[PDB]
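In what follows, a single structure is set out as structure tokens and then discussed.
Numbering (this note's numbering), first residue to last: 137 to 307.
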């Protein structure tokens with residue numbers, strides 16, 4: 137036998153271990169339209185109808201945005217848009233209310249509640265009206281039979297909706 141001495145410079149006492157990490161995928165949609173009817177006298181919404189172009193999704197990642205378009209997510213070839221249609225606004229006070237509407241994701245429709253937070257009602261620079269408001273709420277992938285092949289372990293059943301709107305009067 138012979139005796140040796142490590143050469144520390146070309147030696148690695150190494151190890152590898154697998155772990156899980158939870159993180160939020162955050163995203164918006166670059167292209168969408170809405171019809172907003174609102175009465176500043178009473179701080180009530182009268183009509184809120186939104187259409188969103190699934191193709192315009194943006195989760196700050198090119199390959200994911202594309203993947204969301206595929207059969208196992210949005211299926212944008214067959215269902216290019218998602219729609220929300222308000223059915224009921226129930227005023228809490230002038231800053232707050234409960235909005236009920238029909239969300240449609242890839243042809244599947246469910247009534248949801250969003251929390252309306254009216255964050256500012258004004259006449260603008262020019263003397264024509266503006267508003268700021270938030271709509272937020274949680275919907276379940278499973279209520280919409282959405283991405284059903286992706287486990288609720290990997291990707292949460294819960295999606296948190298945040299619609300943050302600034303908006304000016306018409307004509």
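Backbone N, C-alpha and C define an ideal beta-carbon position, used for all residues, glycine too.
Run through DSSP, which three-state label would residue i get?
{"i": "residue 236", "result": "strand"}
{"i": "residue 204", "result": "helix"}
{"i": "residue 228", "result": "strand"}
{"i": "residue 267", "result": "strand"}
{"i": "residue 183", "result": "strand"}
{"i": "residue 219", "result": "strand"}
{"i": "residue 177", "result": "coil"}
{"i": "residue 144", "result": "helix"}
Taking the CB atoms as reference points, tell me whether residue i and residue j lie closer together than 7 Å.
{"i": "residue 235", "j": "residue 222", "result": "yes"}
{"i": "residue 179", "j": "residue 254", "result": "yes"}
{"i": "residue 164", "j": "residue 194", "result": "yes"}
{"i": "residue 271", "j": "residue 248", "result": "no"}
{"i": "residue 215", "j": "residue 243", "result": "yes"}
{"i": "residue 280", "j": "residue 241", "result": "yes"}
{"i": "residue 212", "j": "residue 186", "result": "no"}
{"i": "residue 312", "j": "residue 258", "result": "It is not possible to answer for residue 312, since the shown part of the chain is limited to 137 through 307."}
{"i": "residue 303", "j": "residue 188", "result": "no"}
{"i": "residue 192", "j": "residue 166", "result": "yes"}
{"i": "residue 261", "j": "residue 305", "result": "no"}
Across which residues does DSSP place residue i in a beta bridge pair?
{"i": "residue 210", "result": "Beta-bridge pairing links residue 210 to no other residue."}
{"i": "residue 280", "result": "For residue 280, which the question treats as bridged, DSSP gives no partner whatsoever."}
{"i": "residue 194", "result": "164"}
{"i": "residue 300", "result": "270"}
{"i": "residue 169", "result": "187"}
With distances taken from CA atoms, which of the options is nearest residue i?
{"i": "residue 174", "options": "226, 154, 153, 202", "result": "226"}
{"i": "residue 273", "options": "245, 266, 151, 233", "result": "233"}
{"i": "residue 207", "options": "284, 240, 265", "result": "284"}
{"i": "residue 158", "options": "303, 301, 292, 306", "result": "292"}
{"i": "residue 220", "options": "150, 267, 190", "result": "190"}
{"i": "residue 177", "options": "307, 230, 305", "result": "230"}
{"i": "residue 161", "options": "301, 307, 297", "result": "297"}
{"i": "residue 183", "options": "224, 251, 250", "result": "224"}
{"i": "residue 252", "options": "275, 228, 239", "result": "228"}
{"i": "residue 301", "options": "210, 168, 209", "result": "168"}
{"i": "residue 290", "options": "156, 138, 146, 140", "result": "156"}
* Which full runs of the beta strand (DSSP E) of 3+ residues lie inside the stretch 240-264, going along the chain? -> 244-253, 257-259
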